[PDB]
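Chemist: Chains as they are written, first to last, in PDB author numbering: chain C, 3 to 262; chain D, 3 to 262; chain A, 7 to 278; chain B, 7 to 278. We put the beta carbon where it would ideally sit given N, CA and C, even for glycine.
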Amino acid sequence: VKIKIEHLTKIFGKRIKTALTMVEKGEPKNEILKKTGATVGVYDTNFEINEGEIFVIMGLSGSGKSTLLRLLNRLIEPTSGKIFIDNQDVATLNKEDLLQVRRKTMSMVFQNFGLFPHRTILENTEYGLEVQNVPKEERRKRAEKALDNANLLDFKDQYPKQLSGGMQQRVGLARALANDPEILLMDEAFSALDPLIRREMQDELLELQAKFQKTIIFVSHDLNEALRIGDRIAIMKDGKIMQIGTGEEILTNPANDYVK
Amino acid sequence: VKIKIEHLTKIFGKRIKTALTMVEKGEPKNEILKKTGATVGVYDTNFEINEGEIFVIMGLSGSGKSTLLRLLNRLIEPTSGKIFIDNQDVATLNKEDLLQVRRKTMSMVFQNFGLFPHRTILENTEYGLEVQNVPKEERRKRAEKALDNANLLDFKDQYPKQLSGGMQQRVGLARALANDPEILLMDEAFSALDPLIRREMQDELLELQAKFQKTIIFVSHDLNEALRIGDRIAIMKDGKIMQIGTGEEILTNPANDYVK
Amino acid sequence: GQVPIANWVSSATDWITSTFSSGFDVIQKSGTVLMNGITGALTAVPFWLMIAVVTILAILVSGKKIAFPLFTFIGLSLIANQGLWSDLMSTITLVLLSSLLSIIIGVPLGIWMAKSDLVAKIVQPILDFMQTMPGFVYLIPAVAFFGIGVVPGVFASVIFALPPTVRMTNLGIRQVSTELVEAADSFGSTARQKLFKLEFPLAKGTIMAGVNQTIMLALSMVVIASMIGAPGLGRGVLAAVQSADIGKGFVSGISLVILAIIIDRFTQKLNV
Amino acid sequence: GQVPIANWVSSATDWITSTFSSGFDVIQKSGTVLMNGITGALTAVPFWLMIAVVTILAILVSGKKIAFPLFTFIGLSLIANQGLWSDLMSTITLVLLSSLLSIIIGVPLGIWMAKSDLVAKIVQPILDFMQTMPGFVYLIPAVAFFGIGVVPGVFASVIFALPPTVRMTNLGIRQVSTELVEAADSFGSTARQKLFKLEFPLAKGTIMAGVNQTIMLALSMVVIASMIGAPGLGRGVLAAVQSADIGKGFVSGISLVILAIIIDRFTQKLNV
Numbered sequence: 003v004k005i006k007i008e009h010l011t012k013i014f015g016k017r018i019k020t021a022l023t024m025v026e027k028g029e030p031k032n033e034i035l036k037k038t039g040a041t042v043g044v045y046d047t048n049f050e051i052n053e054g055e056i057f058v059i060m061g062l063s064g065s066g067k068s069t070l071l072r073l074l075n076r077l078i079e080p081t082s083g084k085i086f087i088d089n090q091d092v093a094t095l096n097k098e099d100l101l102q103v104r105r106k107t108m109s110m111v112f113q114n115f116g117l118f119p120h121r122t123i124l125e126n127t128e129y130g131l132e133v134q135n136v137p138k139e140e141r142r143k144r145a146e147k148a149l150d151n152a153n154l155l156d157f158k159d160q161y162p163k164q165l166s167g168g169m170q171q172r173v174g175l176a177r178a179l180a181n182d183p184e185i186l187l188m189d190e191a192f193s194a195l196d197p198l199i200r201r202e203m204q205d206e207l208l209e210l211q212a213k214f215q216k217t218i219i220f221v222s223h224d225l226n227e228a229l230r231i232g233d234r235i236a237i238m239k240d241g242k243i244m245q246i247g248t249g250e251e252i253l254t255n256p257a258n259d260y261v262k
Numbered sequence: 003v004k005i006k007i008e009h010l011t012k013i014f015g016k017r018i019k020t021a022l023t024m025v026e027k028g029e030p031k032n033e034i035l036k037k038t039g040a041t042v043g044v045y046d047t048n049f050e051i052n053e054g055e056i057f058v059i060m061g062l063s064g065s066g067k068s069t070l071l072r073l074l075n076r077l078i079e080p081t082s083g084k085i086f087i088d089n090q091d092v093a094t095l096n097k098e099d100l101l102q103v104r105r106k107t108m109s110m111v112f113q114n115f116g117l118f119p120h121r122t123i124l125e126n127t128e129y130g131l132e133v134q135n136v137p138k139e140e141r142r143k144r145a146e147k148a149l150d151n152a153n154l155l156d157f158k159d160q161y162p163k164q165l166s167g168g169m170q171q172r173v174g175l176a177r178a179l180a181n182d183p184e185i186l187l188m189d190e191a192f193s194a195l196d197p198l199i200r201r202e203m204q205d206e207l208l209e210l211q212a213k214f215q216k217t218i219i220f221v222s223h224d225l226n227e228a229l230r231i232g233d234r235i236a237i238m239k240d241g242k243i244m245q246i247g248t249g250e251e252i253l254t255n256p257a258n259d260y261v262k
Numbered sequence: 007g008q009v010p011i012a013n014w015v016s017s018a019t020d021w022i023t024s025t026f027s028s029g030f031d032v033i034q035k036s037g038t039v040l041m042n043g044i045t046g047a048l049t050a051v052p053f054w055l056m057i058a059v060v061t062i063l064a065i066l067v068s069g070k071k072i073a074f075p076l077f078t079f080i081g082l083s084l085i086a087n088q089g090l091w092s093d094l095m096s097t098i099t100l101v102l103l104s105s106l107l108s109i110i111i112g113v114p115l116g117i118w119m120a121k122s123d124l125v126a127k128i129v130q131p132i133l134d135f136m137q138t139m140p141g142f143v144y145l146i147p148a149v150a151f152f153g154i155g156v157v158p159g160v161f162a163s164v165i166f167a168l169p170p171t172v173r174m175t176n177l178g179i180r181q182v183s184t185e186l187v188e189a190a191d192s193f194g195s196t197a198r199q200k201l202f203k204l205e206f207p208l209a210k211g212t213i214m215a216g217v218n219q220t221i222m223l224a225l226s227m228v229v230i231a232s233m234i235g236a237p238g239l240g241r242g243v244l245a246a247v248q249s250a251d252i253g254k255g256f257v258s259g260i261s262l263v264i265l266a267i268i269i270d271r272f273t274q275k276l277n278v
Numbered sequence: 007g008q009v010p011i012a013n014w015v016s017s018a019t020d021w022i023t024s025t026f027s028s029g030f031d032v033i034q035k036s037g038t039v040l041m042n043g044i045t046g047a048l049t050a051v052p053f054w055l056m057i058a059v060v061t062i063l064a065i066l067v068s069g070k071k072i073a074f075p076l077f078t079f080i081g082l083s084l085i086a087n088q089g090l091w092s093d094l095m096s097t098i099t100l101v102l103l104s105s106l107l108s109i110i111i112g113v114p115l116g117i118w119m120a121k122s123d124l125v126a127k128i129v130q131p132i133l134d135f136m137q138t139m140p141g142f143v144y145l146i147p148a149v150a151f152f153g154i155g156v157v158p159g160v161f162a163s164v165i166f167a168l169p170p171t172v173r174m175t176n177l178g179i180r181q182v183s184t185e186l187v188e189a190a191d192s193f194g195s196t197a198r199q200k201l202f203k204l205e206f207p208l209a210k211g212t213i214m215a216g217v218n219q220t221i222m223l224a225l226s227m228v229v230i231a232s233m234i235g236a237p238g239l240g241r242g243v244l245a246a247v248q249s250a251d252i253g254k255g256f257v258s259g260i261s262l263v264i265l266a267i268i269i270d271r272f273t274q275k276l277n278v
């Protein structure tokens, strides 16, 4: 296995330890988020992600689905928990080791494409390397190959504002890929596209994964697209994982009608 | 009769006389709507309104529908035409004559209720009198009787921000009535309401009109309410009146098939 | 080499101040009498009863927060103890008169700019022209006409503080939603009933922001006019920076700072 | 009666300017040499080649509109003809240095205020405290330390013009959409690659507005510092309002107005 989680916890607001332990009683989060006012992101999630798979993550919009991601790479400081990768726990790292992690191992993809409008394609896509102090020629070549693998090297001098939602997403994915990461995080990557280009990006992602294998984590809200991508799906609600079913999620329905 | 119209028209933009001779001829409208932009609001309308009736007016955006009202009031200066009312042409009146016209004969009701939020209801409702320099006691009693006729005298000290769309419209109509005019103008009076209160206000309006006789001219979108209330309906589009059918418009339909 | 302007300007100024002296002498008399009247009689009364009034007023506009009242009391009283109460009564009549004149001149001009659009197209860039330029150059047109004294400081202040009042007035007038104006015009409001009954009561909250800028600008300008001879705390400051007596200068500057904080907090809390 | 402050303040100021003179003498030397270097060598060169450069630059930033170029030419040339070119080269090095220092001091402080929220909660009200107060009181802390001269005018200007730069910097930093920051942090940007690569290039347009305010504030403050001895056109104005020679004062004021209009139009058109 490439990833191993151990009791991941994220709680906002003050009363850090007091609220953490008072909720550690295991009560439904609704009570503490409604009355006591202590917001909750997750609660004691202990799962894992094996190499060369797709651990999709569902959850109604507002159920702490992307917070788990943003915790994996520490875009939000997790209260307590452990994320063992490459025999390394991330939460117990200084800025240097964490930066090297983010540089070489993990890299995200964003809903609104998280693109620098003031920088052109061959300028953005190379960011993942520019940050690494990479030879301009080498990073340029890597960017251009990451582009032509998506068939956009022709537009290597335009600006994002002059492109399409699907093209912007493909450029974001090229930026994520040029760094050649062992892990690929995707947070609602296709939540702003049309169904047909959505499905097209899905097929592109699958063909690339099958061709180039690497661990993927994926957030989404449709079960159909998921099962189209789902190698190990795991839905979430109230900030709590409930299952890790590939073809059984839709079979077994533990305390959930949303599964249909 | 009460009203008589004489070649009423309103044209925006410069090229005033040239555009006027252009529109008076019957030239195409979309041509000039897309060519020069000196938009057209009205098309040489020559109709009339008899005393004690309801001359509803219909049409969609760009129909110059509401514009006809504001022209009758002179809230927007008409390019050419005449409105003979009480043996008075309004377009050829000095300031004070039009002032007294607006103060006694005509008075409007507004889509968004046109209410002074900074003033109390019994303070608003009396505006129609305050502007006339009326004895405080006299205008106060008139306003109170007007609220009584609508059964909202209890709320004579609240503020509009604390009320409902229905009560706001009722207070606007009370403001219109307190002047005891001979004409009642409305501009999408019930566009911000729901069907129930819409129809309730419609019924109350017809009840008052039959009990208290006075000329009305009405603006609306839907034909159902027009037939519920309208005594002489008038369709309009591209700033041109189509007909004046009470129960014939449902029959004679040169593209007036909106009845269903 | 050519240097013709100075002569033309001094000639024109002599012509004005000679052919119009009938007005300038009257203005000088009125200014000096107003100043020495509302700075000695309307003010300059027990300096333990006025600071108390202001303290309780701060309490009112603050409710529970005691910082601002503590400042007013440990402020104005600080001034008095330092012996600068008679120079604060002045520097207040000055900003008072400057703000009143700037209002009287702008608010009407703001209405005129709101009604006519060409007037605005004219003046608004002129107002940015007058609010970008340094204010120190508003003294020439002051000592040239009224010489040194009080009324020149007042003139510089009113012509330095006017812009924001005018701008925010124009705004608050031509930002009231056209529907209310339609309503008030349908019942025959002849631009004078309409104004008072509808527009001002709704613009107030926008205008008064412009006025609370006007006041600070007038304070700044009278402190600067201290160079001319406009009395008050400014003179103190001036003397200091001319004689490097940092004690007197600092106490006068801190008095001005206190007055400024007080005026800001008041003029703000009395706007919301 | 008690009047204790002045003594305490003068004592503290003597203590500072005595125990730190090692720094103040160095600052005085640096200021005077910078001024007399970039006002006589980097400038004070043919007054028919510089106005032409500025005219063509105005043409560039204006395209077809000829009003602003006509002003630059019939402006600066007007100054020169009036014999005030050596006092405009000064009054430019002064605003130049004041703006540079205010930038160097604010932009970093603006970053620090954007990262930490408590720093902002501290400073922003302090910045309104410093932008509400009259600027004439920024002279005491200038003549108290650096006496009269150029560097005190520069100090007053940098401490009078700083606020807007800081505020708009903080804005342009903590108004760039958090998603881009997430993107730049996911690829390991250590707050120095992130800053230059993402935030500045996006804030620029907001910052430079604060800076184009800083420049005008520095101009105002050096004209006011003319009282201290900061050279330039201000002195002229000053002399006039001290001797009532309205010709010289008016020509210097019109030169300042011209410089102000030019700087405003430039610093604006070079922001959009």
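Using Cβ-Cβ distances below 8 Å, what residues of the segment 42-65 of chain A are close to chain B?
Modeler: Under the 8 Å Cβ criterion, the segment 42-65 of chain A contributes no residue.
Chemist: With H, G and I counted as helix, E and B as strand and the rest as coil, what does DSSP make of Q160 of chain C?
Modeler: Correct three-state label for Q160 of chain C: coil.
Chemist: Report yes if the C-beta distance between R230 of chain C and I246 of chain C is below 8 Å; otherwise report no.
Modeler: It is not a contact, given that the beta carbons lie outside the stated cut-off.
Chemist: Report the three-state DSSP secondary structure of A162 of chain A (helix, strand or coil).
Modeler: Helix, per DSSP.
Chemist: Using the C-alpha atoms, what's the distance from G232 of chain D back to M60 of chain D?
Modeler: Roughly 11 Å separates the two Cα atoms.
Chemist: Select from D:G64, D:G174 and D:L225 the residue whose C-alpha is nearest the C-alpha of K262 of chain D.
Modeler: Closest option to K262 of chain D, Cα to Cα, is D:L225.
Chemist: Evaluate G29 of chain B with the Cβ neighbour count: other Cβ atoms within 10 Å of its Cβ, from every protein chain shown; 16 or more gives buried, anything less gives exposed.
Modeler: Exposed, since its Cβ has fewer than 16 Cβ neighbours within 10 Å.
Chemist: List the residues of chain A that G130 of chain D touches, going by C-beta distances under 7 Å, in chain order.
Modeler: Result: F193.
Chemist: Give me whichever residues DSSP pairs with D91 of chain C in a beta bridge.
Modeler: DSSP, once it has assigned bridges, lists C:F86 as partnering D91 of chain C.
Chemist: Can you name the residues that DSSP bridges to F57 of chain C?
Modeler: Paired residue(s): C:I219.
Chemist: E26 of chain C to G15 of chain C, Cα distance in whole Å?
Modeler: Cα to Cα, the separation comes out at about 16 Å.
Chemist: How should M24 of chain C be labelled, buried or exposed, when 16 other C-beta atoms within 10 angstroms of its C-beta is the threshold for buried?
Modeler: Looking at its Cβ environment, which holds fewer than 16 other Cβ atoms inside 10 Å, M24 of chain C is exposed.
Chemist: Thinking C-beta only, is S92 of chain A closer than 8 Å to residue 279 of chain A?
Modeler: Residue 279 of chain A lies beyond the stretch modelled for chain A, which goes from 7 to 278, so this question has no answer here.
Chemist: Find the nearest neighbour of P10 of chain B within the set A:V156, A:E185 and A:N87, judged by alpha-carbon distance.
Modeler: For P10 of chain B, the nearest C-alpha among the options comes from A:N87.
Chemist: Which word fits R72 of chain C, buried or exposed, when buried means at least 16 other C-beta atoms lie within 10 angstroms of its C-beta?
Modeler: Buried, by the Cβ-count rule.
Chemist: Just curious, the beta strand (DSSP E) that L276 of chain A is in, first and last residue?
Modeler: Per DSSP, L276 of chain A belongs to no beta strand (DSSP E) and is neither H nor E.
Chemist: Under 8 Å Cβ to Cβ from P183 of chain C, same chain only, skipping five residues before and after it: list those, please.
Modeler: Correct list, in chain order: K106, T107, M108, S109 and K216.
Chemist: Examine the Cβ distances between the segment 41-59 of chain D and the segment 236-250 of chain D and report whether three or more of them are shorter than 8 Å.
Modeler: Result yes; three or more Cβ-Cβ pairs closer than 8 Å.
Chemist: Quick one: measure Cβ to Cβ for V182 of chain B and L145 of chain B, integer angstroms, because I've assumed they're closer than 8 Å.
Modeler: Actually they are not in contact, since the Cβ atoms of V182 of chain B and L145 of chain B sit about 38 Å apart, beyond 8 Å.
Chemist: Given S232 of chain B, which residues of its chain have a CB within under 6 Å of its CB, disregarding the five upstream and five downstream residues?
Modeler: Here the set comprises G240, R241 and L244.
Chemist: Can you say whether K200 of chain A is buried or exposed, counting buried as having 16 or more other CB atoms within 10 angstroms of its CB?
Modeler: By the neighbour-count rule (16 or more Cβ atoms within 10 Å), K200 of chain A is buried.
Chemist: Report the three-state DSSP secondary structure of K242 of chain D (helix, strand or coil).
Modeler: Three-state result, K242 of chain D: strand.
Chemist: DSSP has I7 of chain C in a bridge; who is on the other side?
Modeler: DSSP lists C:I85 as partners of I7 of chain C.
Chemist: Closer than 8 Å by beta-carbon distance: list the chain B residues that pair up with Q8 of chain A, in chain order.
Modeler: Within chain B, the residues near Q8 of chain A are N87.
Chemist: When you compare only the Cα positions, how much space is there between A12 of chain B and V257 of chain A?
Modeler: Approximately 7 Å, taken between the alpha carbons.
Chemist: Within 10 angstroms of the Cβ of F202 of chain A, are there 16 or more other Cβ atoms? Answer buried if so, exposed if not.
Modeler: Exposed, by the Cβ-count rule.
Chemist: Answer yes or no: does any C-beta atom of chain B fall closer than 8 Å to that of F272 of chain A?
Modeler: No, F272 of chain A does not count as interfacial toward chain B.
Chemist: Does any residue of chain B bring its CB to less than 8 Å from the CB of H120 of chain C?
Modeler: Yes, its Cβ sits closer than 8 Å to a Cβ of chain B.
Chemist: State yes or no: is the C-beta of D189 of chain C within less than 8 Å of the C-beta of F112 of chain C?
Modeler: Their beta carbons are under 8 Å apart, which means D189 of chain C touches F112 of chain C by this criterion.
Chemist: Using only the alpha-carbon positions, how far apart do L22 of chain D and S68 of chain D sit?
Modeler: C-alpha separation (whole angstroms): 20 Å.
Chemist: Using a Cβ cut-off of 8 Å (strictly closer), state whether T196 of chain A contacts chain D.
Modeler: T196 of chain A counts as touching chain D.
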